[PDB]
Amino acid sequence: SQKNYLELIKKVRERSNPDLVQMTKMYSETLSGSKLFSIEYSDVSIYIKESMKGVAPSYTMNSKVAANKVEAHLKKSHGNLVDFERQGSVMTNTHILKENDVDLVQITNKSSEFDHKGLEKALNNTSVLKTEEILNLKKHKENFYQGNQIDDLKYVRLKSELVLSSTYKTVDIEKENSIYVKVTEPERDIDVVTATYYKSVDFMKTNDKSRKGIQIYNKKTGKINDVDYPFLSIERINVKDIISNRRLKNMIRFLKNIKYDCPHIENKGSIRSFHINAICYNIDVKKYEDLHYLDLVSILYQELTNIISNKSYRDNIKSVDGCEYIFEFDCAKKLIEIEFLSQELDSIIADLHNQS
């Protein structure tokens, strides 16, 4: 191919590790070897490695420390009304830009939204339920607001604007769905999201904390957004990375880097981080958990090729949180981006073959 891997390495470095701090080597680097291909310090291999390893740890740590400092102020102000959590790709370390940050989420915890009809339906259909699920559902029904949910969200949003503006020099309070805080030690910009919980039937069956949803408050409309399950994506990616022998996240970061550097794909196009996560998460771990990192490029190429060629297969791939089919809408536009990504992987594989 005509790819310039020296230029690509410089680009990944500027985004990920400009000071060239020591990064932990992937274990297959020192313990394994490629079945398909000195190749490991070829330029193409170095590009693959640095694209897989992601952002230097100080940036990620600084983001989380900055968000912890913000949390302490909001908790002193009105911690009695909210729980604090985090969301974003930084929470799975699958971001690829050193400037990406965790978001801080504050969730009103006095009242919750929930699936009323679904709870009733589930409790009235006990023949399919495990006994522990019946008991969990029954307790949610038995324990089921004196105040005003929306008024509490508006209150927490405005109270947070006041506390943060009195604490930090630079705070953007004009965005609909978050407050943007410039923390100065460490110097990071943190978005503060205000939400309430949403309890799905699957949450109420299990009490798995990661299955709890949020509905984010929009300050401009005065309404709550549709439910999101950020903690479920985080938990499932982190768990499957462990099951995959610590390879899944390397595949996610690699594909995100390839997309970012591909001139044929818009940065904010039809395939986003959510879709890359879902495509990688859907790969059967047995196909790749023992492969050397270079052989993962071929696994990814095969998966994208199968998505392009096999309609029933692509039509049944779900998001990590299980709530959407990722090719149900805008399928043909998404496939253009998948096709350009597969062409980049084909070139990379060809260039590895030529180095060997």
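Numbers follow the displayed sequence, beginning with 1.
Missing deposited residues between residue 37 and residue 38: 1 to 3, all without coordinates in the entry. Count the deposited residues lacking coordinates between residue 144 and residue 145 and you get 1 to 3 of them. In this entry, 199-207 shows the higher mean Cα temperature factor of the pair 199-207 and 73-81. Averaged over Cα atoms, the B-factor as recorded in the entry is higher for 115-123 than for the other of 115-123 and 235-243. Of the residues listed, 169, 249, 275, 212, the entry assigns the biggest Cα temperature factor to 169. Of all the options 86, 98, 256, 130, the entry's greatest CA B-factor is assigned to 130.
In this PDB entry, residue 193 carries a Cα temperature factor that places it within the lowest third of its chain's modelled residues.
In the deposited entry, the Cα temperature factor of residue 60 sits in the middle third of values across the chain's modelled residues. Among all modelled residues in this chain, the alpha-carbon of residue 185 has a temperature factor (C-alpha) in the highest third. Per-chain ranking of the deposited C-alpha B factor places residue 285 in the middle third.
In the PDB entry, a CA B factor belonging to the middle third of its chain's modelled residues is recorded for residue 308.
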